[PDB]
Structure formats: structure tokens, C-alpha cells
Amino acid sequence: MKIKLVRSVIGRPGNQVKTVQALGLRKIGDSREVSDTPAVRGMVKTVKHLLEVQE
Amino acid sequence: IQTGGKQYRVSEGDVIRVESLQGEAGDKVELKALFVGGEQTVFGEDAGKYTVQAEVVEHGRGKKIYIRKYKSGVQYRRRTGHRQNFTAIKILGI
Amino acid sequence: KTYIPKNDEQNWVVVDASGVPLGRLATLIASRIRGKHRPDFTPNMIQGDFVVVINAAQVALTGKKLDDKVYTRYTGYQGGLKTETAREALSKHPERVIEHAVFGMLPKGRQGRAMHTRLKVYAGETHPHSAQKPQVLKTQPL
Amino acid sequence: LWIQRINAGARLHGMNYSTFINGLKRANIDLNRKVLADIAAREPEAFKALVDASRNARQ
RNA sequence: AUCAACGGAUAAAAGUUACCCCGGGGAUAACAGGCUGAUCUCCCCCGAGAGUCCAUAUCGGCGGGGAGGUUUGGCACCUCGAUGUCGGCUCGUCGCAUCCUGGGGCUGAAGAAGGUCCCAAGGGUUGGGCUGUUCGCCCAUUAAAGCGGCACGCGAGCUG
RNA sequence: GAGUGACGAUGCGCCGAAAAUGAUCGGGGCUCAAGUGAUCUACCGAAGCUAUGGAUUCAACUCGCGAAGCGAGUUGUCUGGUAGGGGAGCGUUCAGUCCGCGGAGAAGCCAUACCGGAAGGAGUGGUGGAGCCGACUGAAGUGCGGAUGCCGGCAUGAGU
RNA sequence: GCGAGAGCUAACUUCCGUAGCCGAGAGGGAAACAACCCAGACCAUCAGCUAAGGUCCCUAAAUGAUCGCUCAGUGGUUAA
RNA sequence: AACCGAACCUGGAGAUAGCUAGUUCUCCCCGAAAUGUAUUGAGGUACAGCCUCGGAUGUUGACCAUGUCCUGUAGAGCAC
RNA sequence: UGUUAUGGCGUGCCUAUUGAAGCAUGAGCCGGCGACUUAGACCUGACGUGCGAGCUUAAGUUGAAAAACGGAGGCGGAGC
Ligand SMILES: [Mg+2]
Ligand SMILES: [Mg+2]
Ligand SMILES: [Mg+2]
Ligand SMILES: [Mg+2]
Ligand SMILES: [Mg+2]
Ligand SMILES: [Mg+2]
Ligand SMILES: [Mg+2]
């Protein structure tokens with residue numbers, strides 16, 4: 001699953017900032033290839049709105 | 001420009017970002033994005049058919065600027081020096 | 001490195017207000033006066049054309065001429081020094097109706113103020129040829 | 001200042017900045033962007049060529 | 001051990017200051033401004049009923065909806081290394097929710113005299129007796145003797 | 001001789017809609033939409049992301065060196081900041097040691113476009129007229145814009 | 001902002017809970033404007049893409065395209 | 001003896017001052033708190049919470065998923 | 001390098017604060033003066049050196065363009 005940070009963590013709740021950290025994203029634009037497992041899929045759903053998700 | 005120029009120029013000695021190839025000669029080739037060197041008005045990739053040659057002239061340091069930063073009533077004052085590293089290149093090219 | 005200045009070029013232009021809605025005519029003038037297609041294109045100085053206006057009297061106005069469109073000149077210390085004309089009431093000085101729309105759309109600085117000197121308004125048609133001894137290239141609105 | 005000198009010339013040939021730059025984007029080949037205003041200011045003949053090229057890649 | 005002021009200062013303890021003093025506080029009150037608008041001022045909806053009869057010429061029970069910011073407040077935001085405070089006088093200017101004049105509609109408007117509402121801020125809006133008075137009551141007039149804002153307008157302008 | 005009427009729903013608009021220095025949606029001006037519902041691209045736009053160069057923090061991976069430990073060296077990574085904590089240094093006086101300098105011109109003063117990542121430090125000229133840089137180590141009465149700060153000189157108010 | 005009490009389902013009010021920002025946060029936007037929207041500034045560039053916001057003229061960029069609505073300047077003061 | 005709710009001068013004396021002011025070169029790294037309990041306490045202070053530096057441990061921390069237990073709010077209901 | 005015109009941008013400094021261009025505080029200007037120190041055979045921690053299961057001396061004595069002597073005493077060494 002291709003993930004990219006499109007929105008800033010500033011002004012977003014602690015947990016959502018903590019999730020974006022767990023996904024390995026540090027800057028807006030940071031894109032990475034991601035695992036298709038309940039835990040990794042769950043993190044991505046938890047910051048769904050801050051990310052541009054491919055497939 | 002954003003390092004690695006272009007355009008029809010008449011063989012001038014312009015200054016750009018550092019080029020690694022030390023001393024004189026070194027020789028550099030540039031893609032070219034537009035030209036009028038022969039009245040032919042050609043642009044983009046069709047300009048890539050052509051390539052400008054330029055010789056490295058001098059490696060240098062820019063004029064001394066001072067980084068001054070200040071925030072009121074928060075006792076914040078910062079003075080730090082700066083000099084921008086460059087490369088002078090004499091254009092020759094096709 | 002970007003391109004520098006040339007001034008020895010003052011271009012005169014004739015614009016007709018007839019039936020043109022004020023604001024829409026104003027925009028055109030205000031733009032040619034500052035720099036639209038711009039000669040050297042630089043903002044540091046006055047590059048704009050000179051705009052002569054004809055038939056100032058016949059300028060168009062929508063829902064309100066007699067209504068709402070109110071000029072509001074408010075005089076020296078306000079010992080009730082609050083004077084106000086209607087737009088129909090500018091059957092007095094119509095050459096001002098264009099002027100106040102144009103200056104209104106121009107910068108307000110030292111240079112800006114020197115810009116109104118380039119706007120020459122006249123209420124007639126074939127007769128306003130006063131400030132028309134130099135060139136006078138005619139430009140229609142749209 | 002550059003953007004200003006651009007749709008000043010783009011409009012001179014019946015175009016505009018929004019439109020002219022979109023064409024030069026569509027004709028990928030054009031990556032000019034920087035010093036596209038010098039062409040507009042100093043070389044009109046050459047600037048037309050770019051307006052013509054943009055009009056094509058768009059329509 | 002009502003060490004109950006309950007983590008309990010000494011075994012052992014009240015007042016007063018306009019004769020007051022120092023260190024501070026706009027961390028906190030009085031004035032004024034600010035936010036609010038309960039209270040206050042005004043306007044509007046409805047129509048019980050009053051009006052010989054007829055709700056609406058006038059008046060409007062019980063109830064309802066707003067406006068204003070002139071009252072008493074609420075709150076405590078700049079000002080406590082100082083923003084002088086009532087009333088008079090002097091000098092003005094502004095709002096109109098108009099006291100007089102000006103124009104109108106309705107009238108339970110014959111006329112004359114009016115009532116009420118609409119438009120209207122151009123000018124005008126008296127002199128005294130009582131009280132520090134603002135106010136208010138009174139005398140004598142008047143076209144009328146308006147209501148409110150301007151730090152409850154105005155003390156580097158005067159009074160006190 | 002042709003459709004005509006009553007309830008309701010809902011979009012946008014109308015009345016209701018009076019405040020004190022001069023008015024206004026920021027203005028100009030806009031319905032010949034520059035208002036407003038729905039849709040669609042395109043461009044502008046930040047210190048955000050990117051390009052190119054360069055420095056720092058930590059970390060692992062090389063090698064200098066009798067060993068840590070610290071140099072350099074790539075690659076990744078970091079670097080908004082008040083109280084505060086930690087690190088590396090600049091500058092002044094005095095001292096000890098070394099190296100020197102000076103009447104063919106010391107310090108101090110004055111000017112300056114040069115250097116260093118900063119505190120800072122040189123070159124040159126001018127003035128001065130007899131003392132004095134640089135380095136290593138030691139020690140402090142060691143760095144000022146504030147304190148209604150202290151001393152002194154000189155301004156403003158004013159040719160009042 | 002949300003969840004409550006006090007208050008008049010007043011206050012730029014007070015007092016808890018909770019999330020964010022300011023405090024200690026520069027930069028764009030909101031005319032101006034600690035806080036709201038966007039976004040967290042290592043330094044240099046007369047390069048490029050975007051966000052929130054924008055694209056008549058002041059003022060960067062469509063006086064864009066289609067079907068509609070509103071003629072009151074409504075837009076650019078609230079109610080029965 | 002030109003300021004008397006207790007004169008003046010010198011000393012104790014650098015009284016005390018939970019208060020006001022002031023606190024001076026540079027760059028680099030991290031970076032708070034205005035909360036809890038107690039207090040003749042309430043603009044003071046103790047301990048904790050939160051910062052930083054050195055050391056030890058060295059994945060125990062963070063987010064997300066699955067499993068499992070706990071709860072009487074929102075809604076709702078009328079059996080008390 | 002000095003100066004100048006026009007254009008863009010642009011709310012002195014310090015202090016005190018939730019919040020300062022603030023019509024809150026301070027300051028006429030310049031020069032100089034001017035605020036975290038010193039003591040203690042005191043306690044506790046870092047770093048460094050010397051010896052090391054041991055480590056040190058105090059007063060003093062003797063020399064001194066200079067240091068030697070002096071184990072009285074002090075600390076580790078066993079706790080409850
Ligand atoms: Mg008050
Ligand atoms: Mg008073
Ligand atoms: Mg006065
Ligand atoms: Mg001073
Ligand atoms: Mg209501
Ligand atoms: Mg004292
Ligand atoms: Mg004070």
C-alpha cells in the first residue's frame with residue numbers, strides 16, 4: 001500500500017501525531033511502501049485524512 | 001539558474017554553484033532548453049539535440065553577508081557569518 | 001540581471017465611455033495607466049500610457065444612477081461638514097465621475113498620485129480634440 | 001515582477017499567464033519557467049514562438 | 001487535644017488610627033472607559049375587553065418578539081512610578097425616539113379648538129423664588145419653554 | 001368564451017430595521033455579476049515540499065596513534081524557542097615562560113571596501129612621542145542600554 | 001471547539017473536564033488582528049510544486065466554462 | 001533651630017526587606033511549568049509532577065490490531 | 001564606496017505579563033563608575049592527577065633569591 005503525508009500534524013490530536021510517527025513519516029510529502037496487515041492497515045485508517053492512500 | 005543553465009549566450013564568463021572539477025579546463029556540457037544561435041528559434045528536447053560546452057575558470061567564495069536574527073522582549077539576538085561557494089564558467093558551446 | 005528602463009516613449013490613447021458600464025471602463029483605463037502590456041514592464045516607475053476619455057457624460061450605470069450611487073465629499077472640520085451628491089446629480093461635473101472611479105483603482109502613493117496627471121476626461125465627442133495635438137491611437141473597451 | 005511581464009506579453013498575442021504557462025507545461029519539452037520574462041521583454045519574435053507552441057499543446 | 005483555624009506557630013494574647021508611615025498591587029475596589037444588557041428606556045406582534053353600537057378614532061388584560069446603551073448593576077480587561085470627582089459658569093457641536101415652527105394620513109375630523117400616527121433635525125427652545133443641588137415643586141410668560149450623546153462634554157478654561 | 005381557485009412544502013429576495021465627529025462591503029467599483037446553488041479544469045500563492053550548493057547534532061561504517069579518546073573522511077539523520085540544564089570558545093587586566101618589536105616612530109586615538117561561523121582579528125594610511133604585540137600556562141576588582149542607577153561634560157525648552 | 005455546573009442556555013464572565021494553539025511560534029491567509037484556517041523558520045539562490053486562501057482594478061493569478069436562481073446593492077445589520 | 005502621633009548627629013548597620021527595580025561577550029544542543037497535596041497558607045514555601053546533564057539497563061516505550069475482563073454516560077424506558 | 005529618487009515591506013528598546021507600538025514602567029544625550037563573590041583542615045557530586053587495601057598530614061621546627069621535616073589527628077577497614 002503506497003502512503004504519502006499530505007497534511008501537517010500541527011493542530012492534530014496527540015495520538016494522530018503519534019501514529020504518523022509509527023508509520024515512519026516525518027515531513028509532508030514523505031511517501032513509503034506499506035504492509036497489508038490489520039495493525040499496519042489500522043494505523044493508516046487512524047490518520048486516513050492526513051494521508052494520500054493509493055491501493 | 002537552479003544549477004545547469006541553457007539559452008543562446010555569446011560566450012560569457014558567468015558564476016554558478018560549485019562544480020567539483022578543480023582548477024582550469026575541467027569542461028562541462030549543458031542540455032540547452034531554448035536557442036537563437038543561428039536565428040533558428042528552437043525549444044525543449046528539440047533543443048536537447050544541441051549541447052553547450054563551457055570551461056571551468058575559477059572556484060570561489062561569495063561576498064561576506066551576515067545572518068542577523070532578532071525577536072523582541074524574548075532576549076533573542078543571533079549573529080552568524082555566511083559566504084556562498086561558487087564556480088565561474090566560460091561558455092564556448094555549439 | 002532582469003531588464004532595465006527606457007522612458008522616451010509617451011503613448012497617448014483615446015477611449016470612449018459611451019454605454020460602457022463605469023467600473024468596467026474604469027478597469028481598462030486604470031490598467032493602461034499603470035502598465036498592462038507594460039513597455040519595460042518594471043513597477044519602480046511610471047511606464048503606463050496617457051488615457052484621453054470622451055463622452056464622459058454618456059457613461060452607463062446599472063440599477064442606480066438616481067438611487068444609491070452617492071459621491072460622499074466630507075469637507076473641513078465636520079461642523080456637520082458632510083456634503084453628498086447622487087450620481088444623476090453629476091449632471092454638474094460628469095468629468096469627475098470617471099476621474100473618481102479611475103483614481104480609486106490606482107495606487108495611493110507619491111507615484112500613484114502622479115498617475116492621475118495622465119488621465120484626461122472630456123464630456124463631448126468630436127470636440128474634445130483639445131489634448132489631441134500629439135498621437136491619439138483609439139482603443140475600444142471590449 | 002516576472003509573472004507580471006509574462007501575461008503582459010501573453011496578452012499581447014491574445015493569451016494570458018494562466019493559459020500560456022499551462023500550454024508550456026503540456027508541451028513537457030518546455031521547462032523554461034525561469035528567464036521566460038527576458039524572452040517576453042527583449043525578444044518579441046522569439047516570445048511569439050513560445051505563445052504559438054503553448055496554444056498548440058492546449059488545443 | 002472542640003490543639004474544631006481539625007498537617008495542629010508560644011505554656012502564655014484584644015482593639016483603634018481622620019495624626020498616621022514604608023514596601024507593593026491596576027494581581028484588587030471607588031471614577032471613567034470596555035464586554036454584557038438582567039434592570040432601565042423605547043418600539044413592534046396578537047386582540048381579551050373599554051369605546052351607545054363597532055377590537056384597532058383613541059385606549060390594549062394575560063401573554064409574546066426586538067431595538068437602544070442615557071440607569072442600577074454584573075464582570076474586573078488598560079490605567080494605583082496618579083486617567084481630578086457632583087453642581088454652577090463658559091463654550092460648543094452631534095443623534096432623533098421632534099418640544100415649537102414646515103408637509104401629510106386617519107379621526108368618535110361641521111367650524112374653531114384638538115387626539116393619534118407618518119415624513120421632517122433648518123433655525124428656535126424665556127426670566128425669576130426655594131435648594132450645593134442634577135432633578136423637582138412654585139411665580140410670571142411663551143410658538144415652544146424637547147429628550148439624550150460627547151471621560152454622567154468642558155478645572156494645564158473659571159468657580160469650589 | 002377559456003383554465004380558475006384554496007391550503008400547504010421548499011430556493012432566493014421584501015417589509016419589520018431609530019443613536020450621538022464623516023462616511024464606506026478594506027476601497028474603487030459590480031447585476032452589460034466582480035452576487036449566489038451545483039459541476040469542471042487552469043493558474044497564483046508560505047520560511048510547508050522540491051532543486052543546487054554549504055555548515056551543525058547525534059549515530060553507525062573507514063583510518064591516523066603504545067591505548068581509551070579526539071582528529072579528519074563518506075552515508076543517513078538532525079538543527080523555532082522563554083525559564084532552565086549542557087557544550088565549544090572571543091575579549092580585558094595582572095603574573096610566569098618563550099619569541100620578538102620600537103624615537104628610520106610604542107601604546108592610545110582617527111579612517112578604511114580585508115579576514116574569520118560568532119564574540120572578534122589583520123593590512124594600509126593619519127595622529128601621537130615611549131613604551132609594547134604574539135604564543136603557552138596561571139590568577140581575577142574581567143565584558144553594561146537600562147537600575148526615578150553614581151560622577152562629569154554637554155544638549156532641549158530659547159534668544160524664550 | 002466539545003462536555004457540564006454557577007450566571008439571565010448574559011459577559012473578552014466564572015469554575016471543572018477534554019483536544020488544540022498562544023504562552024515560548026517566525027512564515028502565508030483572515031483589510032488591520034496572541035488565539036481561528038494553513039503551516040513548525042540550520043544558512044545561501046534574481047530556480048520549481050503546493051496548502052489555507054485566492055484569480056475585475058488597487059493586488060500575485062480565468063473579466064474561466066456549463067446549467068440555474070436573485071434586481072434587493074439583497075449580497076455588504078437580528079427576531080416575533 | 002524652614003517636614004515632630006516622639007528632635008538632631010554619630011554609631012549597632014551591609015538591621016530586616018516572602019516586595020519593586022537592575023543583573024553586562026559569543027555560538028552550539030536539548031528544553032519546561034502556570035498542575036496535585038500540605039502550609040497563620042493563598043503573588044511566599046516543602047514534596048511530587050513536568051526539563052536537562054552523566055551513568056546503568058538496554059527494547060521494556062509509542063501508535064495500531066486481535067483476544068479478554070471492567071463501567072451505567074448518551075440514547076431510551078417506566079418495572080422502583 | 002558615498003549619496004539620492006521611486007517602489008515593496010515594516011507596530012522603538014527594556015521590564016512586567018494571560019496578553020506591550022502600546023495612551024502601562026524606566027530613560028535628555030554621551031563618556032567613565034556600576035551587580036552571583038569571598039571564607040571554611042565545613043558537607044555532597046563531577047572531572048582530573050598521586051599513591052592504593054590503604055591514603056593523608058595539623059599546629060609547629062628547621063631552612064628559604066627553595067623546600068624539607070613534623071603521624072597529634074583525620075578518612076576507608078562490620079554490622080545490628
Ligand atoms: Mg466601572
Ligand atoms: Mg471620584
Ligand atoms: Mg482638562
Ligand atoms: Mg545609562
Ligand atoms: Mg429567536
Ligand atoms: Mg540596606
Ligand atoms: Mg506598576
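Before reading on, note that the structure itself is shown above.
Residues numbered from 1 in each chain as written, not as in the entry; some residues may be left out. Chains lettered and ligands numbered in written order. Part of a larger assembly, values for the part shown. Heavy atoms only, no water.

1. Quick look at the interface of chain C and chain D
Going by this rule: By the convention used here, residues are in contact when the closest approach between their heavy atoms is within 4.5 Å. Buried surface area refers to the total accessible area, computed with a probe of radius 1.4 Å, that the two partners give up upon joining, counted for both partners together. Any carboxyl oxygen of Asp or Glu within 4 Å of a side-chain nitrogen of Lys or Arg constitutes a salt bridge here. Pairs of N or O atoms are called polar contacts if they sit within 3.5 Å, as long as, within protein, a hydrogen donor faces a hydrogen acceptor (for residues adjacent in sequence, only side-chain-to-side-chain pairs). Just so you know the grouping, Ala, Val, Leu, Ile, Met, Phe, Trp, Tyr, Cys and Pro go in nonpolar, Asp, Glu, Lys and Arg go in charged, and all remaining residues, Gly too, go in polar.
Residue-level contacts link ten residues of chain C with twelve residues of chain D. Between chain C and chain D, a total of about 940 Å² is buried, with carbon and sulfur atoms accounting for 58% of that surface. When the area that chain C buries against chain D is broken down by residue, the three leading residues are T2, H37 and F41 of chain C, summing to 57%. Summed over the shared surface of chain C and chain D, the number is zero salt bridges. Linking chain C with chain D are six residue pairs in polar contact, by the criterion used here. In terms of residue class, the side of chain C that touches chain D is built from three nonpolar, three polar and four charged.

2. Looking at the protein's contact with RNA strand F
For clarity, the cut-off: Nearness here has a simple test: a residue counts as near a molecule or strand if at least one of its heavy atoms is within 4 Å of that partner. Here a helix means four or more residues in a row that DSSP labels H or I, a strand means two or more in a row labelled E, and each is numbered from the N terminus.
In the vicinity of RNA strand F, 47 residues are found, and the nearest of them are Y66 and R83 of chain B, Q78 and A101 of chain C together with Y17 of chain D. When the atoms of RNA strand F within 4 Å of the protein are grouped by moiety, sugar and phosphate amount to 78% of the total. A distance of 3.1 Å is found between a sugar or linking oxygen of RNA strand F and a side-chain nitrogen or oxygen belonging to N22 of chain D. Contributing elements (two or more residues each) for the surface near RNA strand F: β6 (65–71) and β7 (76–82) of chain B, α1 (22–34) and α2 (94–103) of chain C together with α2 (17–26) of chain D. Per-element accounting of the surface near RNA strand F gives the leading share, six residues, to β7 of chain B. When its residues are assigned to classes, the surface near RNA strand F shows 13 nonpolar, 19 polar and 15 charged.

3. Some words on the protein's contact with RNA strand H
By nearness alone, 13 residues border RNA strand H, and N15, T19, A39 and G42 of chain A together with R79 of chain B come closest of all. Sugar and phosphate atoms form 93% of the subset of RNA strand H atoms that lie within 4 Å of the protein. One of the backbone N or O atoms of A39 of chain A is found 2.8 Å from a sugar or linking oxygen in RNA strand H. Those elements that place two or more of their residues in the surface near RNA strand H are α1 (14–22) and α2 (38–46) of chain A together with β7 of chain B.

4. Some thoughts on unusual backbone geometry
Although it is not a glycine, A25 of chain B sits at a positive phi angle of roughly 50 degrees. Mapped onto the elements of the fold, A25 of chain B is located in the loop between β1 (13–17) and β2 (28–30). The phi angle at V35 of chain D is positive, at roughly 60 degrees, despite the residue not being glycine. Topologically, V35 of chain D is positioned in the loop between α2 and α3 (36–42).

5. Observations regarding the arrangement of the chains
The assembly contains two pairs of chains in contact; the pair sharing the most contacts is chains C and D. For chain A and chain C, which are not in contact, the least C-alpha distance works out to 33 Å. No part of chain B reaches chain C; the closest C-alpha pair between them is 12 Å apart.

6. Structural notes on the side chain of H116 of chain C
Residue and element names in this part refer to chain C. Mapped onto the elements, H116 comes out in the loop between α3 (110–115) and β5 (119–121). From its side chain, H116 meets the backbone oxygen of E99 in a polar contact 3.2 Å long. Residues in contact with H116, not counting those within four places in the same chain, are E99, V102, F103 and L106.

7. Details of helix α4 (residues 44–58) of chain D
The condition is simple: Helix span, as expected, comes to 1.5 Å for every residue beyond the first. Here the term buried applies to any residue with accessible area under 20% of the maximum for its type, exposed to any over 50%, and partly exposed to those in between, with areas from a 1.4 Å probe on protein chains only.
Taking 1.5 Å of rise per residue, the 15 residues of α4 of chain D would be expected to cover 21 Å, and the 21 Å separating its terminal C-alpha atoms lies within 8% of that figure. Regarding α4 of chain D, the residues found buried are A46, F47, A49, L50, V51, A53 and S54 of chain D.

8. Topic: the packing of α1 of chain C against α2 of chain C
Residue and element names in this part refer to chain C. Convention followed: Lines fitted to C-alpha atoms define the axes here, with helix axes fitted over just the stretch in contact, and angles between the N-to-C directions of these axes take values from 0 to 180 degrees. For classification, angles of less than 35 degrees are called roughly parallel, those exceeding 145 degrees roughly antiparallel, those between 65 and 115 degrees roughly perpendicular, and all remaining angles oblique. If you view the pair so one helix is near and one far, a crossing is left-handed when the near helix is turned anticlockwise from the far one by less than a right angle, and right-handed when it is turned clockwise.
Where α1 contacts α2, the axes come no closer than 9 Å and their chain directions differ by 60 degrees. Considered as vectors, α1 and α2 are oriented oblique to each other. Two packed elements cross with a definite hand, and for α1 against α2 that hand is right-handed. On the side of α1, the interface is formed by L22, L25, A26, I29 and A30, while α2 contributes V97, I98, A101 and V102. Residue composition of the contact of α1 with α2, by class: nine nonpolar, no polar and no charged.

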